[PDB]
Each structure stands twice: as C-alpha cells, then as structure tokens.
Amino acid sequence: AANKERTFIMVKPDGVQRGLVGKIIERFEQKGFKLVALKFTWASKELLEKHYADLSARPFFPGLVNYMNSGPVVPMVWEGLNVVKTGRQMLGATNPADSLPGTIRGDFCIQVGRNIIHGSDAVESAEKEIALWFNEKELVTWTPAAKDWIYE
C-alpha cells in the first residue's frame, strides 16, 4: 500500500548528453527503490505540451518545448515507500543553485534551465505523468530478493 507508491523520474536531454544515465539510476538502485519501467525515447512536442500544460500561458513556453524535443530523454518509474517525496529530496532543489552537495542536482549541474532531471512533485501528478509516458503494459511487476531487508 504505502510501499507501493510510485513516482515518475525522467533524465532530460542534458542529462543524457552529459552521460549521467547510469549514475542517476545507480542512486535509486542503491537507495533500495524498485525500478518499475524504463525507456530511451525522443519525446514529441505533442507529448511535451501535455507534460508541460501548466506552463502554457507562461512566457516562453515554446522555447521549453523545443529544448525538451532537442534530444532523447530517459523516462522511468520507481516504486517504494514515500518515493515521490524522498525521490525529490534525492534530486535536490529544482534550481541547482539551491541544491545541496550529495543530491543529484547538487553534484551534477548548475543552471535551472539545464537541471538534468525531472521528478513528480506530488502523488497526484506522479499518477498523471506515469499514465502520460507509459502504457500500463510497460510497467513491470516483480519482487526483489532483498525486499524483507528493506521493509519490515
């Protein structure tokens, strides 16, 4: 129930370009979270406008959609107790300048427009993002051998 919460994590074009895919996945594996879905893909503007629908009436929305469609991305779904919230703590503050050393953004990037990764900000939106990026078919259910040493 609580251990079955899921979040959407995506490596952005700059994360892929800078060779940080393996490193980012390692952080989540290490922590004990469970990989549920993963894929390498070039997001379409139609999909990005959906993903960024809330930036619609904000200045320079097109430039955001064009940047995000400027290279391949790595969408993922991780499962675990409090993964949405904990996953965001792990990524660090959205604005890299505010990210602490030890977090993904704090260790690997500098500017907010090139902040290498995305993570759902709430359970509700994680629910929305996952359904937008993956078919229920792409979500894999399995059981880790070490499950009992991770959760009581």
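The first residue of the shown sequence is 1; numbering continues from there.
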| property | result |
| --- | --- |
| 64-72 set against 34-42, stretch whose average Cα temperature factor tops the other in the entry | 64-72 |
| Higher-scoring stretch by recorded Cα B factor average, 44-52 or 109-117 | 44-52 |
| Out of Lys23, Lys128, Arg18, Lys12, highest CA B-factor residue | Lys128 |
| Modelled-residue ranking by C-alpha temperature factor, third containing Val83 | lowest |
| For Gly102, the third of its chain into which the C-alpha B factor falls | lowest |
| Cα B factor band for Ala57 (lowest, middle or highest third within the chain) | highest |
